[PDB]
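Visitor: The structure that follows is given in the form of structure tokens.
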Amino acid sequence: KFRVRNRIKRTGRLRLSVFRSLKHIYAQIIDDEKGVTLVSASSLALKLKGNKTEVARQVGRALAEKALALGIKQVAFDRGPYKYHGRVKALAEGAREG
Amino acid sequence: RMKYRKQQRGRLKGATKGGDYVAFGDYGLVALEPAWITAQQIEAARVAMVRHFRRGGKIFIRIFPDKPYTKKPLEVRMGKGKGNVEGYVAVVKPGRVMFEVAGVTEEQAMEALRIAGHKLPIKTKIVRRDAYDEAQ
Amino acid sequence: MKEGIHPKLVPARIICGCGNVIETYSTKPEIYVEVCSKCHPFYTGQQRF
Amino acid sequence: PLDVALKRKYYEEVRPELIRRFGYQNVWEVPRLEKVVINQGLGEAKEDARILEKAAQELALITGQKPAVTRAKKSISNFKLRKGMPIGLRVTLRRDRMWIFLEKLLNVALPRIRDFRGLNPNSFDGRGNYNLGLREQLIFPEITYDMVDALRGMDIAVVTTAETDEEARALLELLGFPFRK
Amino acid sequence: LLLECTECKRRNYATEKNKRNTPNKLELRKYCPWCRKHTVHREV
RNA sequence: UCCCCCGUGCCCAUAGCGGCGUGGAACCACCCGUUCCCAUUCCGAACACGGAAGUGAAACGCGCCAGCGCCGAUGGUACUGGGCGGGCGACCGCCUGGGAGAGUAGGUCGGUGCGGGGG
RNA sequence: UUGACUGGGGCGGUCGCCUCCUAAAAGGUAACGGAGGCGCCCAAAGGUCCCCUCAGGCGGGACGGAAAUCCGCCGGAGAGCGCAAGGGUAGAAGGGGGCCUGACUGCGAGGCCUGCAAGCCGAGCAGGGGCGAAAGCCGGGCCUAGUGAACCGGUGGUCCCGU
RNA sequence: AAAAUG
RNA sequence: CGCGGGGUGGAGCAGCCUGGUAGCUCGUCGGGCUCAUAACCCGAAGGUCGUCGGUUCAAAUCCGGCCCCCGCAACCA
């Protein structure tokens, strides 16, 4: 089993919980200490193309505008099994860096 | 016959554990006063027990020494006693059932235990059964 | 499946009849019968009759 | 060198007889096959400049991958070598590389094994999957006699996606696994 | 061993502590000097 | 509104183990491949990328079961702030407030916010 | 000049520090009361990023004990955590790998403990760095023992003094 | 100028 | 009661604080010399290292528990 929880090591509020399926990637901005979610940007549960990586971006841009819209910026990335690689949000806007 | 030992005297308060119930056997020997019973005593009783009815039934000794009884050599003061020397003992709080017999007549059984009591440094009482259990 | 670690392939695979003369494929000792059989005591008395 | 009979046959020949023989429903509820682990123990890495990364690759040839030098988990004064380092070579053939090796095994090695009568049908004994150990290292088509500088066989394990040794036993009796009933 | 690190071509000390026989000798490593910022600091 | 499912948090075993049928349209997974990214002390097993033919067998989801596990009263005592008698002593007892632990009856194969995709 | 403690003194034992217990559920708490350690060690046994998860038990396996190394289930911790014990811990403090050297310099809010003087924790600011995409973490080590005021000198260094 | 007993 | 020395093949002594190699003399055993015995000569064997366990990869060896063996003290009233 993977006890990953690479997260849990999230203390500076605002979590960009991702989630790669086997076709669609979902990202989600969440507030801890007070369990609730705000910004969201799925893969095909949205629409756009059929190419993972390619999509993985236009799917992140999504969070950008969407988020910035309601006054969001500085945050920390996320997703544990994640393995910072292919899946990506390498995009402007959010000051989550990376 | 084990563990790290030469322990603290400690004391015997109320006999909140002085009062079980015949577990096996048929008749029994329950204690009335609290005390430390030297193994020397147990045997000295048990023996006379069996010995009272040569080639008889079964004897059950629920009490069991494990507490080390220390003692000084006949001098003054300087660290705990040589300890043990004489040996170990078991702690009996008024009510505990020490010995219990079975497989024999009450005339034989009852009279058997009576003797034991003389060996023990306490005051005893003899019991039958039919009492406690967990049935319905 | 990585760097100068592995070794090769080519035909060291489905090269079926790769000269069974190497020693023996599913040739002999098919796990059946070979030389003679048993000796048999008594059941074999050629002394007389 | 991509697809081999054994593999082939397994599909267009074994599956059926099995689907029937036993009687399944979902091709996955079937008796798949997926892992072979030829492992050695050797004996040591003790004195006299004992490199023994020789039979290391000797093993590679007989297979395809490079084995993993195994190390001590404990330390035993009884018979030398303790604490770490030492040796206990191992390798894991999966898919392709696996099929072939077996096919090469079940048609040249075992044959020829010293004498040979079959295999032990008790080695599974029930618990899904098999096992067996070969004494000689030169009982392989790739390796030679003027090559091996010292005997030292080993043991190989094999894994079934099936449970009951019954199944497992059938799957191999079909794949050509001989059996000293 | 009571060691200290002498920034090559100057002063300063770090006051470390090696283990000699236990693989040592030639101790030196990027430390921060007081005379401007870093150098490496040797042994001695 | 009420269903189904993919992410997530909270309560932190009454959600556990083990059984028993079900779910593939969606989702999810397993699968299809190893050219590229990157991979395993040897293995694309795991990480990873590219694809979607086949499957619900694995795994996960959802239900039912009490055999194991977990929970668990009420009563009643043990012990006990405080106060107080009897006896030479060893010890026994009352008044006034608190009050288990075991064991019994019995309970339980979850509960609950947030955001999503589908009828 | 030839110490003190000490159920008289001598003889014997001891003399500082760590950990359980005694200790009576905050701390603290005696006795020549019960029971064990320390006067070191790591240049990786330290930083950070990324991975992995134990011990056992049960089968199955060439040499092969009753654990050498393999494969398969079961096993939430009984292993591990340099050395005593204890507390803590796998949702890692454990096992492995890549880069590193913060085992930094200037400081230090606010506290713990406390007769004194000592001991302990420490966010944050500055400088100039490490690892990570990043959020971030880094002033030695899972933590508590591994230590000694002053005086007198020794080696260096430097803005100072120098009859 | 020479290495015990039965 | 307390200190401290010591238990190793059959006898008598090493080896132990500096853990992995058990050494010496005597005697036991086999073969020679001699008419024969000694002597002398050549060649072998033989040790759970007192015990019950602890630490270690490994204990004759280091740390505790008794069992016999040996010595030294046990003083003022």
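By convention here, the chains of the structure tokens are called A, B, ... in the order presented, each chain's residues are numbered starting at 1, and ligands are numbered starting at 1 in the order presented.
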Would you mind writing down, as a list in words, each residue of stretch 28-95 of chain D that DSSP on the backbone assigns to helix (DSSP H, G or I)?

Guide: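 Filtering stretch 28-95 of chain D to helix (DSSP H, G or I) leaves residues 54, 55, 56, 57, 58, 59, 60, 61, 62, 63 and 95 of chain D.
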
Visitor: Go through chain F residue by residue and, counting only C-alpha atoms (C1' of nucleotides), keep those with an atom at most 10 Å from chain D; for each kept residue give the shortest atom pair and its distance in Å to one decimal, ordered by chain and increasing number, as CSV.

Guide:
```
residue,atom,partner,partner_atom,distance
F:30,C1',D:28,CA,9.7
F:41,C1',D:68,CA,6.0
F:42,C1',D:67,CA,4.8
F:43,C1',D:92,CA,5.2
F:45,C1',D:94,CA,8.0
F:54,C1',D:27,CA,9.5
F:55,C1',D:28,CA,7.2
F:56,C1',D:26,CA,8.8
F:57,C1',D:29,CA,3.7
F:58,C1',D:28,CA,7.6
```

Visitor: Got a sec: who's within 12 Å of residue I:50, counting only C-alpha atoms (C1' of nucleotides), leaving out chain neighbours fewer than 3 positions off, as a list in words?

Guide: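 Using only C-alpha atoms (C1' of nucleotides), the neighbours found are residues 6, 7, 8, 66, 67, 68 and 69 of chain I.
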
Visitor: Those same residues - C-alpha atoms (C1' of nucleotides) - I'd like them written as a PDB file, in the first residue's frame.

Guide:
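And here's part32.pdb as it stands now:
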```pdb
ATOM      1  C1'   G I   6      42.116 -20.257  42.045  1.00  0.00           C
ATOM      2  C1'   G I   7      38.791 -24.692  39.288  1.00  0.00           C
ATOM      3  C1'   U I   8      42.038 -26.298  31.650  1.00  0.00           C
ATOM      4  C1'   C I  66      25.657 -20.526  43.487  1.00  0.00           C
ATOM      5  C1'   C I  67      29.052 -25.417  44.341  1.00  0.00           C
ATOM      6  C1'   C I  68      33.345 -27.258  46.565  1.00  0.00           C
ATOM      7  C1'   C I  69      39.466 -25.346  47.002  1.00  0.00           C
TER       8        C I  69
END
```

Visitor: For chain I, which residue among B:110, B:101, B:74, B:115 is the nearest when counting only C-alpha atoms (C1' of nucleotides)?

Guide: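 The closest residue to chain I is B:74.
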
Visitor: Could you state the separation of atom CA of residue B:22 and atom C1' of residue F:102 in Å, given to one decimal place?

Guide: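 Taking atom CA of residue B:22 and atom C1' of residue F:102, their separation equals 19.1 Å.
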
Visitor: Near stretch 12-21 of chain A, counting only C-alpha atoms (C1' of nucleotides), which residues have an atom at most 8 Å away, once you skip same-chain residues fewer than 2 positions from it, shown as a PyMOL selection string?

Guide: (chain A and resi 10+23-32+75-79+82+87) or (chain F and resi 7+28) or (chain G and resi 135)

Visitor: Which of chain A end up as strand (DSSP E or B) when DSSP is run on this backbone - answer as a list in words?

Guide: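 Taking chain A and keeping strand (DSSP E or B) only, one gets residues 15, 16, 17, 20, 25, 27, 28, 29, 30, 31, 36, 37, 38, 39, 40, 41 and 76 of chain A.
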
Visitor: Take the residues from that selection and put them in a file with N, CA, C and O atoms, as a short mmCIF file (atom, residue, chain, number, x, y, z; two decimals), in the first residue's frame.

Guide:
```cif
data_model
loop_
_atom_site.label_atom_id
_atom_site.label_comp_id
_atom_site.auth_asym_id
_atom_site.auth_seq_id
_atom_site.Cartn_x
_atom_site.Cartn_y
_atom_site.Cartn_z
N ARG A 15 -4.58 23.90 -0.52
CA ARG A 15 -4.01 22.72 -1.16
C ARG A 15 -4.55 22.52 -2.57
O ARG A 15 -5.76 22.59 -2.79
N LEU A 16 -3.64 22.29 -3.52
CA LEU A 16 -4.02 22.07 -4.91
C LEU A 16 -4.04 20.57 -5.15
O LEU A 16 -3.21 20.03 -5.89
N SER A 17 -4.99 19.90 -4.52
CA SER A 17 -5.13 18.46 -4.64
C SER A 17 -5.43 18.08 -6.07
O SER A 17 -6.49 18.40 -6.59
N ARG A 20 -4.78 12.13 -11.02
CA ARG A 20 -4.70 11.61 -12.37
C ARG A 20 -5.42 10.28 -12.45
O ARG A 20 -5.16 9.36 -11.67
N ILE A 25 -7.55 14.10 -15.80
CA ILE A 25 -6.84 14.60 -14.63
C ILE A 25 -7.68 15.69 -13.96
O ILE A 25 -8.18 16.60 -14.63
N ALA A 27 -7.94 18.63 -10.81
CA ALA A 27 -7.21 19.45 -9.85
C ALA A 27 -8.27 20.08 -8.97
O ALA A 27 -9.39 20.30 -9.43
N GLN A 28 -7.93 20.40 -7.73
CA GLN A 28 -8.91 20.98 -6.83
C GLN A 28 -8.28 21.80 -5.71
O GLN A 28 -7.39 21.31 -5.02
N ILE A 29 -8.74 23.04 -5.55
CA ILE A 29 -8.24 23.93 -4.51
C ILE A 29 -9.08 23.73 -3.25
O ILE A 29 -10.30 23.96 -3.27
N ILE A 30 -8.43 23.34 -2.16
CA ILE A 30 -9.12 23.05 -0.90
C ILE A 30 -8.62 23.81 0.31
O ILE A 30 -7.42 24.06 0.44
N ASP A 31 -9.54 24.14 1.21
CA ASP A 31 -9.18 24.83 2.45
C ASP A 31 -9.30 23.88 3.63
O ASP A 31 -10.38 23.36 3.94
N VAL A 36 -13.50 22.44 3.30
CA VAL A 36 -14.31 22.93 2.18
C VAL A 36 -13.43 23.17 0.96
O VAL A 36 -12.25 23.47 1.09
N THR A 37 -14.03 23.06 -0.22
CA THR A 37 -13.32 23.26 -1.47
C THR A 37 -13.89 24.45 -2.25
O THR A 37 -15.08 24.74 -2.15
N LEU A 38 -13.05 25.12 -3.03
CA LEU A 38 -13.50 26.29 -3.78
C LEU A 38 -13.33 26.18 -5.29
O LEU A 38 -14.30 26.02 -6.02
N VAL A 39 -12.09 26.29 -5.76
CA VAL A 39 -11.81 26.21 -7.19
C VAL A 39 -11.69 24.75 -7.63
O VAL A 39 -11.25 23.90 -6.85
N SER A 40 -12.09 24.48 -8.87
CA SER A 40 -12.04 23.12 -9.42
C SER A 40 -11.82 23.15 -10.93
O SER A 40 -12.33 24.03 -11.62
N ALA A 41 -11.06 22.18 -11.43
CA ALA A 41 -10.77 22.09 -12.86
C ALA A 41 -10.48 20.66 -13.31
O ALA A 41 -9.33 20.22 -13.30
N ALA A 76 0.26 26.11 -2.28
CA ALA A 76 1.24 25.04 -2.41
C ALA A 76 0.65 23.97 -3.31
O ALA A 76 -0.57 23.78 -3.31
#
```

Visitor: Which residues come within 12 Å of residue B:4, counting only C-alpha atoms (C1' of nucleotides), excluding same-chain residues fewer than 5 positions away, as a PDB file with N, CA, C and O atoms (P, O5', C5', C4', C3', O3' and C1' of nucleotides), in the first residue's frame?

Guide:
```
ATOM      1  N   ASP B  66       5.347 -16.678  45.930  1.00  0.00           N
ATOM      2  CA  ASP B  66       6.082 -16.043  44.844  1.00  0.00           C
ATOM      3  C   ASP B  66       6.739 -14.784  45.403  1.00  0.00           C
ATOM      4  O   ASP B  66       7.590 -14.150  44.760  1.00  0.00           O
ATOM      5  N   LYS B  67       6.320 -14.421  46.610  1.00  0.00           N
ATOM      6  CA  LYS B  67       6.866 -13.250  47.263  1.00  0.00           C
ATOM      7  C   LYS B  67       8.054 -13.658  48.116  1.00  0.00           C
ATOM      8  O   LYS B  67       7.932 -14.488  49.013  1.00  0.00           O
ATOM      9  N   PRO B  68       9.227 -13.096  47.808  1.00  0.00           N
ATOM     10  CA  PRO B  68      10.488 -13.331  48.485  1.00  0.00           C
ATOM     11  C   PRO B  68      10.483 -12.656  49.831  1.00  0.00           C
ATOM     12  O   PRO B  68      10.253 -11.443  49.907  1.00  0.00           O
TER      13      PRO B  68
ATOM     14  P     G G  34      19.559  -2.345  48.817  1.00  0.00           P
ATOM     15  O5'   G G  34      18.371  -2.488  47.768  1.00  0.00           O
ATOM     16  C5'   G G  34      17.322  -3.430  47.992  1.00  0.00           C
ATOM     17  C4'   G G  34      16.527  -3.652  46.730  1.00  0.00           C
ATOM     18  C3'   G G  34      17.349  -3.931  45.492  1.00  0.00           C
ATOM     19  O3'   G G  34      17.660  -5.311  45.394  1.00  0.00           O
ATOM     20  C1'   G G  34      15.707  -2.296  45.015  1.00  0.00           C
ATOM     21  P     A G  35      19.029  -5.759  44.696  1.00  0.00           P
ATOM     22  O5'   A G  35      19.011  -4.961  43.305  1.00  0.00           O
ATOM     23  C5'   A G  35      17.955  -5.205  42.360  1.00  0.00           C
ATOM     24  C4'   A G  35      18.150  -4.461  41.043  1.00  0.00           C
ATOM     25  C3'   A G  35      19.500  -4.276  40.362  1.00  0.00           C
ATOM     26  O3'   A G  35      19.993  -5.481  39.763  1.00  0.00           O
ATOM     27  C1'   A G  35      18.051  -2.427  39.921  1.00  0.00           C
TER      28        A G  35
END
```

Visitor: Skipping near chain neighbours, those fewer than 2 positions away, what residues fall within 12 Å of residue G:126 using only C-alpha atoms (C1' of nucleotides), listed as a ChimeraX atom specification?

Guide: /G:105-108,124,128

Visitor: Could you write out as a count of residues only the residues of chain C within 9 Å of chain D, counting only C-alpha atoms?

Guide: 24

Visitor: Show me, as a ChimeraX atom specification, the residues of chain G whose atoms get within 12 Å of chain D, using only C-alpha atoms (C1' of nucleotides) for the distance check.

Guide: /G:58-65,67-73,95

Visitor: Convert the current residue selection to file output with C-alpha atoms (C1' of nucleotides), as a PDB file, in the first residue's frame.

Guide:
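Wrote it out as again-v8.pdb, contents follow:
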```pdb
ATOM      1  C1'   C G  58       2.968 -20.916   7.858  1.00  0.00           C
ATOM      2  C1'   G G  59       3.677 -23.584   3.663  1.00  0.00           C
ATOM      3  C1'   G G  60       7.269 -24.442  -1.444  1.00  0.00           C
ATOM      4  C1'   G G  61      12.140 -24.431  -2.931  1.00  0.00           C
ATOM      5  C1'   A G  62      20.142 -27.607  -5.391  1.00  0.00           C
ATOM      6  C1'   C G  63      23.860 -27.435  -2.074  1.00  0.00           C
ATOM      7  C1'   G G  64      20.864 -25.989   2.180  1.00  0.00           C
ATOM      8  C1'   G G  65      20.841 -25.596  10.892  1.00  0.00           C
ATOM      9  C1'   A G  67      16.313 -17.888  10.397  1.00  0.00           C
ATOM     10  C1'   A G  68      22.227 -17.802   4.663  1.00  0.00           C
ATOM     11  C1'   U G  69      19.460 -16.284  -0.499  1.00  0.00           C
ATOM     12  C1'   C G  70      13.925 -17.033  -3.587  1.00  0.00           C
ATOM     13  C1'   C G  71       8.502 -17.225  -4.271  1.00  0.00           C
ATOM     14  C1'   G G  72       3.703 -17.257  -1.847  1.00  0.00           C
ATOM     15  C1'   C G  73      -0.092 -15.810   2.127  1.00  0.00           C
ATOM     16  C1'   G G  95      15.841   0.752   5.442  1.00  0.00           C
TER      17        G G  95
END
```

Visitor: Distance cut-off 12 Å, counting only C-alpha atoms (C1' of nucleotides) - which residues of chain I neighbour chain D? Return them as an MDAnalysis selection string.

Guide: chainID I and resid 20 56:58

Visitor: Excluding stretch 75-89 of chain F and any residue of its chain fewer than 2 positions from it, enumerate the residues within 9 Å of it, using only C-alpha atoms (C1' of nucleotides), and give them as a list in words.

Guide: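 The filter keeps residues 16 of chain B; 91, 92, 93, 94, 95, 96, 97, 98, 99, 100 and 101 of chain F.
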
Visitor: Deliver the residues from the most recent selection as a file, using N, CA and C atoms (P, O5', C5', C4', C3', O3' and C1' of nucleotides), as a PDB file, in the first residue's frame.

Guide:
```pdb
ATOM      1  N   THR B  16     -10.285  -7.509  49.692  1.00  0.00           N
ATOM      2  CA  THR B  16     -11.080  -7.385  48.477  1.00  0.00           C
ATOM      3  C   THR B  16     -10.836  -8.557  47.521  1.00  0.00           C
TER       4      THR B  16
ATOM      5  P     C F  91      -3.691  -5.209  60.578  1.00  0.00           P
ATOM      6  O5'   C F  91      -4.976  -6.113  60.313  1.00  0.00           O
ATOM      7  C5'   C F  91      -6.204  -5.542  59.823  1.00  0.00           C
ATOM      8  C4'   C F  91      -7.381  -6.137  60.562  1.00  0.00           C
ATOM      9  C3'   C F  91      -8.742  -5.577  60.182  1.00  0.00           C
ATOM     10  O3'   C F  91      -9.295  -6.209  59.041  1.00  0.00           O
ATOM     11  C1'   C F  91      -8.527  -5.569  62.533  1.00  0.00           C
ATOM     12  P     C F  92     -10.344  -5.405  58.132  1.00  0.00           P
ATOM     13  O5'   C F  92     -11.627  -5.262  59.075  1.00  0.00           O
ATOM     14  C5'   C F  92     -12.346  -6.432  59.508  1.00  0.00           C
ATOM     15  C4'   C F  92     -13.547  -6.064  60.363  1.00  0.00           C
ATOM     16  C3'   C F  92     -14.510  -4.999  59.864  1.00  0.00           C
ATOM     17  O3'   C F  92     -15.413  -5.436  58.864  1.00  0.00           O
ATOM     18  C1'   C F  92     -14.121  -4.685  62.178  1.00  0.00           C
ATOM     19  P     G F  93     -16.033  -4.356  57.848  1.00  0.00           P
ATOM     20  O5'   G F  93     -16.882  -3.382  58.788  1.00  0.00           O
ATOM     21  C5'   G F  93     -18.065  -3.866  59.464  1.00  0.00           C
ATOM     22  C4'   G F  93     -18.766  -2.749  60.220  1.00  0.00           C
ATOM     23  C3'   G F  93     -19.166  -1.497  59.446  1.00  0.00           C
ATOM     24  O3'   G F  93     -20.387  -1.633  58.725  1.00  0.00           O
ATOM     25  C1'   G F  93     -18.154  -0.880  61.494  1.00  0.00           C
ATOM     26  P     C F  94     -20.737  -0.583  57.552  1.00  0.00           P
ATOM     27  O5'   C F  94     -21.252   0.703  58.341  1.00  0.00           O
ATOM     28  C5'   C F  94     -22.415   0.613  59.183  1.00  0.00           C
ATOM     29  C4'   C F  94     -22.705   1.934  59.860  1.00  0.00           C
ATOM     30  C3'   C F  94     -22.905   3.145  58.965  1.00  0.00           C
ATOM     31  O3'   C F  94     -24.213   3.232  58.426  1.00  0.00           O
ATOM     32  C1'   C F  94     -21.459   3.716  60.747  1.00  0.00           C
ATOM     33  P     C F  95     -24.447   4.063  57.075  1.00  0.00           P
ATOM     34  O5'   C F  95     -24.214   5.574  57.520  1.00  0.00           O
ATOM     35  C5'   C F  95     -25.053   6.179  58.518  1.00  0.00           C
ATOM     36  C4'   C F  95     -24.682   7.629  58.706  1.00  0.00           C
ATOM     37  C3'   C F  95     -24.560   8.434  57.426  1.00  0.00           C
ATOM     38  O3'   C F  95     -25.827   8.902  56.988  1.00  0.00           O
ATOM     39  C1'   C F  95     -22.678   8.843  58.803  1.00  0.00           C
ATOM     40  P     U F  96     -26.124   9.009  55.413  1.00  0.00           P
ATOM     41  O5'   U F  96     -25.203  10.220  54.939  1.00  0.00           O
ATOM     42  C5'   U F  96     -25.388  11.540  55.494  1.00  0.00           C
ATOM     43  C4'   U F  96     -24.295  12.469  55.027  1.00  0.00           C
ATOM     44  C3'   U F  96     -24.055  12.487  53.530  1.00  0.00           C
ATOM     45  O3'   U F  96     -24.969  13.353  52.870  1.00  0.00           O
ATOM     46  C1'   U F  96     -21.985  12.332  54.680  1.00  0.00           C
ATOM     47  P     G F  97     -25.496  12.976  51.401  1.00  0.00           P
ATOM     48  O5'   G F  97     -24.442  13.687  50.445  1.00  0.00           O
ATOM     49  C5'   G F  97     -24.079  13.109  49.185  1.00  0.00           C
ATOM     50  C4'   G F  97     -22.805  13.732  48.682  1.00  0.00           C
ATOM     51  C3'   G F  97     -22.192  13.017  47.496  1.00  0.00           C
ATOM     52  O3'   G F  97     -22.762  13.431  46.262  1.00  0.00           O
ATOM     53  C1'   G F  97     -20.539  13.333  49.152  1.00  0.00           C
ATOM     54  P     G F  98     -23.106  12.325  45.143  1.00  0.00           P
ATOM     55  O5'   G F  98     -21.678  11.891  44.571  1.00  0.00           O
ATOM     56  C5'   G F  98     -20.736  12.889  44.133  1.00  0.00           C
ATOM     57  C4'   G F  98     -19.369  12.282  43.876  1.00  0.00           C
ATOM     58  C3'   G F  98     -19.279  11.089  42.941  1.00  0.00           C
ATOM     59  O3'   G F  98     -19.288  11.490  41.575  1.00  0.00           O
ATOM     60  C1'   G F  98     -17.856  10.761  44.821  1.00  0.00           C
ATOM     61  P     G F  99     -19.917  10.518  40.459  1.00  0.00           P
ATOM     62  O5'   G F  99     -19.205   9.111  40.709  1.00  0.00           O
ATOM     63  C5'   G F  99     -17.812   8.913  40.377  1.00  0.00           C
ATOM     64  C4'   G F  99     -17.389   7.494  40.693  1.00  0.00           C
ATOM     65  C3'   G F  99     -18.290   6.413  40.135  1.00  0.00           C
ATOM     66  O3'   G F  99     -17.932   6.131  38.793  1.00  0.00           O
ATOM     67  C1'   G F  99     -17.795   5.947  42.401  1.00  0.00           C
ATOM     68  P     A F 100     -18.951   5.328  37.856  1.00  0.00           P
ATOM     69  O5'   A F 100     -18.670   3.809  38.221  1.00  0.00           O
ATOM     70  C5'   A F 100     -17.983   2.955  37.304  1.00  0.00           C
ATOM     71  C4'   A F 100     -16.491   3.056  37.516  1.00  0.00           C
ATOM     72  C3'   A F 100     -15.695   2.015  36.749  1.00  0.00           C
ATOM     73  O3'   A F 100     -15.421   2.442  35.415  1.00  0.00           O
ATOM     74  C1'   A F 100     -14.968   2.080  39.010  1.00  0.00           C
ATOM     75  P     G F 101     -15.430   1.364  34.229  1.00  0.00           P
ATOM     76  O5'   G F 101     -14.492   0.224  34.813  1.00  0.00           O
ATOM     77  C5'   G F 101     -13.077   0.425  34.913  1.00  0.00           C
ATOM     78  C4'   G F 101     -12.407  -0.854  35.324  1.00  0.00           C
ATOM     79  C3'   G F 101     -12.963  -2.100  34.660  1.00  0.00           C
ATOM     80  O3'   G F 101     -12.440  -2.326  33.364  1.00  0.00           O
ATOM     81  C1'   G F 101     -12.778  -2.462  36.978  1.00  0.00           C
TER      82        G F 101
END
```

Visitor: Pick from B:136, B:70, B:124, B:84: nearest to residue B:28, with only C-alpha atoms counted?

Guide: B:124

Visitor: Residues of chain G within 8 Å of chain E, counting only C-alpha atoms (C1' of nucleotides) - could you list those as an MDAnalysis selection string?

Guide: chainID G and resid 43 101 103:105 128 157

Visitor: With N, CA, C and O atoms (P, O5', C5', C4', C3', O3' and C1' of nucleotides) retained, write the just-selected residues as a PDB file, in the first residue's frame.

Guide:
```pdb
ATOM      1  P     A G  43      33.118   8.511  10.732  1.00  0.00           P
ATOM      2  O5'   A G  43      33.024   9.283   9.339  1.00  0.00           O
ATOM      3  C5'   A G  43      31.790   9.876   8.897  1.00  0.00           C
ATOM      4  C4'   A G  43      32.056  11.188   8.199  1.00  0.00           C
ATOM      5  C3'   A G  43      33.074  11.152   7.065  1.00  0.00           C
ATOM      6  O3'   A G  43      32.424  10.864   5.820  1.00  0.00           O
ATOM      7  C1'   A G  43      33.359  13.087   8.450  1.00  0.00           C
ATOM      8  P     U G 101      28.576  22.173  -0.100  1.00  0.00           P
ATOM      9  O5'   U G 101      28.462  22.228   1.484  1.00  0.00           O
ATOM     10  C5'   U G 101      27.279  22.758   2.119  1.00  0.00           C
ATOM     11  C4'   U G 101      27.293  22.422   3.586  1.00  0.00           C
ATOM     12  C3'   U G 101      28.580  22.813   4.295  1.00  0.00           C
ATOM     13  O3'   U G 101      28.252  23.176   5.614  1.00  0.00           O
ATOM     14  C1'   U G 101      28.248  20.477   4.469  1.00  0.00           C
ATOM     15  P     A G 103      24.714  20.988   9.230  1.00  0.00           P
ATOM     16  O5'   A G 103      25.732  20.749  10.426  1.00  0.00           O
ATOM     17  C5'   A G 103      25.313  20.917  11.778  1.00  0.00           C
ATOM     18  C4'   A G 103      26.508  21.090  12.684  1.00  0.00           C
ATOM     19  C3'   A G 103      27.675  21.932  12.153  1.00  0.00           C
ATOM     20  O3'   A G 103      28.117  22.778  13.220  1.00  0.00           O
ATOM     21  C1'   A G 103      28.473  19.963  13.117  1.00  0.00           C
ATOM     22  P     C G 104      28.653  24.264  12.916  1.00  0.00           P
ATOM     23  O5'   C G 104      27.373  24.972  12.292  1.00  0.00           O
ATOM     24  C5'   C G 104      27.125  26.356  12.534  1.00  0.00           C
ATOM     25  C4'   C G 104      27.849  27.190  11.514  1.00  0.00           C
ATOM     26  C3'   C G 104      27.912  28.652  11.885  1.00  0.00           C
ATOM     27  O3'   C G 104      29.004  28.861  12.748  1.00  0.00           O
ATOM     28  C1'   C G 104      27.197  28.446   9.645  1.00  0.00           C
ATOM     29  P     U G 105      28.811  29.789  14.030  1.00  0.00           P
ATOM     30  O5'   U G 105      28.972  31.250  13.434  1.00  0.00           O
ATOM     31  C5'   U G 105      30.175  31.634  12.748  1.00  0.00           C
ATOM     32  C4'   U G 105      30.007  33.004  12.155  1.00  0.00           C
ATOM     33  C3'   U G 105      29.341  33.991  13.088  1.00  0.00           C
ATOM     34  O3'   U G 105      30.284  34.565  13.987  1.00  0.00           O
ATOM     35  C1'   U G 105      28.299  34.090  10.957  1.00  0.00           C
ATOM     36  P     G G 128      24.226  39.226   1.212  1.00  0.00           P
ATOM     37  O5'   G G 128      24.923  37.850   0.820  1.00  0.00           O
ATOM     38  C5'   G G 128      26.357  37.734   0.789  1.00  0.00           C
ATOM     39  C4'   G G 128      26.786  36.399   1.344  1.00  0.00           C
ATOM     40  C3'   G G 128      26.285  35.168   0.607  1.00  0.00           C
ATOM     41  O3'   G G 128      27.112  34.833  -0.511  1.00  0.00           O
ATOM     42  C1'   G G 128      25.923  34.900   2.935  1.00  0.00           C
ATOM     43  P     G G 157      49.160  34.128  13.595  1.00  0.00           P
ATOM     44  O5'   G G 157      47.720  34.654  13.192  1.00  0.00           O
ATOM     45  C5'   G G 157      47.400  36.033  13.304  1.00  0.00           C
ATOM     46  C4'   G G 157      45.928  36.193  13.531  1.00  0.00           C
ATOM     47  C3'   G G 157      45.512  37.616  13.826  1.00  0.00           C
ATOM     48  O3'   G G 157      45.324  38.314  12.608  1.00  0.00           O
ATOM     49  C1'   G G 157      44.574  36.163  15.445  1.00  0.00           C
TER      50        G G 157
END
```
